[PDB]
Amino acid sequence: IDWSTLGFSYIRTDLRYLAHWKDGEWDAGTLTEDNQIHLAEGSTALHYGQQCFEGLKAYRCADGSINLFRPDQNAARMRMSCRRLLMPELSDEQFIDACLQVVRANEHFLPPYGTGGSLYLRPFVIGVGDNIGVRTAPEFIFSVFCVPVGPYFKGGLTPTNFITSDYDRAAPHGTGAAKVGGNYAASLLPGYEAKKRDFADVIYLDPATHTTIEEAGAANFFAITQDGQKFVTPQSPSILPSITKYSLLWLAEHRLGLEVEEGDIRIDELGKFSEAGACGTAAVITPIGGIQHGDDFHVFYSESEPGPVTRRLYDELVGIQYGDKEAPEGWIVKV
């Protein structure tokens, strides 16, 4: 309950949502206190990476109300991840309702206003049931559990450095556009090496030729030109469609009145941007001080201070989530 020192680690909450799929259909689902998953030793989730997940947060507002941020988008994306791995899909209704149930049943774990914390929801689908050869599972499990997470920046927006790697987290036409475990497994080694070099994480280029930027490992990448007029973010069929990224893209155009561009960002022309950063649910905009690519270390704005436009986007997107700023129609759902 010490909201203050709360970080991003697992803490067992009271109830989690658990649903089962078998013989063509999902059951109604239920809340359980267990927290332990039980599955066949041959489950495809354990042998053939047939698994996918999502990540969203619930925030308590100053007025005491509770906000769930764009749950519909997570529903949509996990449906696409399920399709990619041949797993049954969940409707917005069942997905949203499961999140609502977990939040409500675990309301006492939602960090109060004042503490920059939040209640992190982890919905996921895994292939289960007896099996041995590579194929889609005969049964599946959909579960949603939550964990309270304290502020990500215990000191305020602070930039960190990323480094490029020869390793690929995804193939040109692989599963990089879906939020599946395999992409993350592949990121373990390079991520470890980056951190062993004192870097927060690595910035993956692009599978085919390692010339343009893809992602940072746990977040999408965005950069702002030198003239602070345009917001640019990579467009690739191998990067995860970050909900935070598309949110900022909208905010940048209708809130900050900036130019928006979904295109390529070559690692050779970083000087074209005055600042850059990583965006994701957990990090919620991580200012990027500098990027190490080979021999040189390229700093965009500051290695200790966040860029001006980055602050705007951040404070903006954050205000909406916590209900301090006016939320765009459709976004945010009251619990």
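Position 1 is the first residue in the sequence shown; the rest follow in order.
- Note on 9-17 vs 311-319: mean CA B-factor is higher in 311-319.
- With 148-156 and 195-203 compared on mean CA B-factor from the PDB entry, the stretch scoring higher is 148-156.
- The entry assigns its greatest Cα B factor, within the set 186, 178, 100, 216, to 216.
- Each of 131, 225, 238, 220 has a CA temperature factor in the record; the biggest one is found at 225.
- In this PDB entry, residue 293 carries a Cα temperature factor that places it within the highest third of its chain's modelled residues.
- Sort the modelled residues of the chain by CA B factor and residue 49 lands in the lowest third.
- In this PDB entry, the Cα temperature factor of residue 230 sits in the top third of its chain's modelled residues, the highest group.
- Sorting the modelled residues of the chain by their CA temperature factor places residue 95 in the lowest third.
- Ranked by C-alpha B-factor against the other modelled residues of its chain, residue 164 falls in the middle third.
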